[PDB]
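Undergrad: There's a structure below that I have some questions on.
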Amino acid sequence: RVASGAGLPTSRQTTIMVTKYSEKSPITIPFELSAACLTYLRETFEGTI
Amino acid sequence: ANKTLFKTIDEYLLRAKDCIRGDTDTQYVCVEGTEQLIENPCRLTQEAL
């Protein structure tokens, strides 16, 4: 604020209030895995190269 | 208003400045709320534009 020699009042209340919010925007990404790729991934038949 | 030219200058700034109530929707005479005065060169020159 600023002091003044004018007769107009200046604010008696330093520091104004401010309300704010935390607007969440979640995201989601599917990614498929074929059941074949999984069943071959863990298992090892050891039958051929 | 008749004066020596320097006294007309001191009247031109100390006194001649207008005080319209410009904050309101339409023109009004001064509140005496010590809002800034408005200089009027035409009042001294007496020449409307």
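Undergrad: Mind checking which residues of the stretch B:18-36 are surrounded by 10 or more Cβ atoms within 10 Å (Cβ to Cβ) and either in contact with a helix residue (DSSP H, G or I) (Cβ under 9 Å, 6 or more places away or on another chain) or more than 18 Å from A:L8 (Cβ to Cβ) (or both)?
TA: B:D18
Undergrad: Give me the residue from the stretch B:1-17 that is surrounded by 12 or more Cβ atoms within 10 Å (Cβ to Cβ) and outside any helix (DSSP H, G or I) and, out of that set, farthest from the other protein chains (Cβ to nearest Cβ).
TA: The residue in question is B:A16.
Undergrad: State all residues of the stretch B:23-49 that are away from chain A (no Cβ under 14 Å) and either assigned to a loop (DSSP other than H, G, I, E, B) or among the basic types (K, R) (or both); if no residue qualifies, say none.
TA: B:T24, B:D25, B:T26, B:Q27, B:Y28, B:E39, B:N40, B:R43, B:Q46, B:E47, B:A48, B:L49
Undergrad: Right, another one. Inspect all residues belonging to the stretch B:35-47 and state whether any of them is more than 12 Å from the chain's Cα centre (by Cα) and on the phi > 0 side of the Ramachandran plot.
TA: Yes: the stretch B:35-47 contains one or more residues that are more than 12 Å from the chain's Cα centre (by Cα) and on the phi > 0 side of the Ramachandran plot.
Undergrad: Could you say whether any residue in the stretch A:13-33 is within 22 Å of B:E35 (Cβ to Cβ), touching a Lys or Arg at 6+ places or on another chain (Cβ under 9 Å) and either within 14 Å of another protein chain (Cβ to nearest Cβ) or hydroxyl-bearing (S, T, Y) (or both)?
TA: No, the stretch A:13-33 contains no residue that is within 22 Å of B:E35 (Cβ to Cβ), touching a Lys or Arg at 6+ places or on another chain (Cβ under 9 Å) and either within 14 Å of another protein chain (Cβ to nearest Cβ) or hydroxyl-bearing (S, T, Y) (or both).
Undergrad: Moving on to the next point. Show the residue pairs meeting these rules: Cβ distance below 8 Å; 6+ apart or different chains; first residue within the stretch B:1-26 and within 17 Å of B:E39 (Cα to Cα); second residue assigned to a helix (DSSP H, G or I) and hydroxyl-bearing (S, T, Y).
TA: B:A1/B:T8
Undergrad: Need the failing condition index for A:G47 against (1) small (G, A, S); (2) within 26 Å of B:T34 (Cβ to Cβ); (3) away from chain B (no Cβ under 14 Å), just the number.
TA: (2)
Using ideal geometry, Cβ is built from the backbone for each residue, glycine included, and neighbour counts are taken over all protein chains shown. No value in this document is a laboratory result; all are computed from the given coordinates.
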